[PDB]
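Chains as they are written, first to last, in the deposited numbering: chain A, 834 to 882; chain B, 736 to 784; chain C, 246 to 294.
One structure below.
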Amino acid sequence: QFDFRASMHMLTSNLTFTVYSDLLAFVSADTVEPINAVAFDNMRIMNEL
Amino acid sequence: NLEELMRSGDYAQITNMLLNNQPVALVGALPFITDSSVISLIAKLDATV
Amino acid sequence: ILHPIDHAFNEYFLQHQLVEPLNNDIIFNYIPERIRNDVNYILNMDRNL
């Protein structure tokens, strides 16, 4: 049978957040001009120029 | 050095020296405009550009 | 006004949420380590969170 005392409850949550699914559109992304691209050793790959 | 800066494309050292005001010396060949009037020196057009 | 069984399910859905704060110091860790410490790739945050 229905008892109001064992059935009333205060539920708690947040207010107005926003989930983000992509997580990598927030990274602005550029590159060195590829004639100046270097390796791990900071020497230029494609030395040949 | 302005040219090496243009090459590597960092812009994080000079950003952290133009966000706060640190005395700085951008070395490299550059154009200029010739301002001639005095009011446009009384108006601080120096740090605008 | 919920049943204690329904309140158990809904309070499980309210307590355990799989949602947690996002800032610019988590997106920076979400990209891989070689790309964080590469001088070929220039990455920063141009958006507010």
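The beta-carbon is built from N, C-alpha and C at its ideal position, and this holds for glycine as well.
- Counting C-beta pairs closer than 8 Å gives fewer than three between the stretch 852-862 of chain A and the stretch 875-882 of chain A, which falls short of the contact rule.
- The beta carbon of A/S846 falls within 7 Å of a beta carbon belonging to chain C, placing the residue at that interface.
- For C/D270, the enclosing alpha helix (DSSP H) has its first and last residue at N269 to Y275.
- Residue state for A/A862 is assigned as strand, using DSSP reduced to three classes.
- In terms of Cα proximity to A/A862, the closest of C/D291, C/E256 and C/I246 is C/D291.
- By the Cβ-count criterion, C/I280 is exposed, with fewer than 16 other Cβ atoms from all chains shown falling within 10 Å of its own Cβ.
- With respect to the C-alpha of C/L294, the residue from A/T851, A/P867, A/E866 and A/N869 having the closest C-alpha is A/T851.
- Legend: CB atoms of the stretch 262-293 of chain C lying less than 8 Å from CB atoms of chain B belong to residues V284, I287 and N289.
- Around the CB of C/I272, 16 or more other CB atoms lie within 10 Å, so the residue is classed as buried.
- The DSSP-derived three-state label of B/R742 is helix.
- In the structure shown, the three-state DSSP call for B/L780 is coil.
- Taking 7 Å as the cut-off, the Cβ atoms of A/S840 and C/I246 count as close.
- Put simply, the CB of B/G763 is far from chain C, with every gap to its CB atoms at 7 Å or more.
- Judged by their CB atoms, A/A870 and C/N285 are nearer to each other than the 7 Å cut-off.
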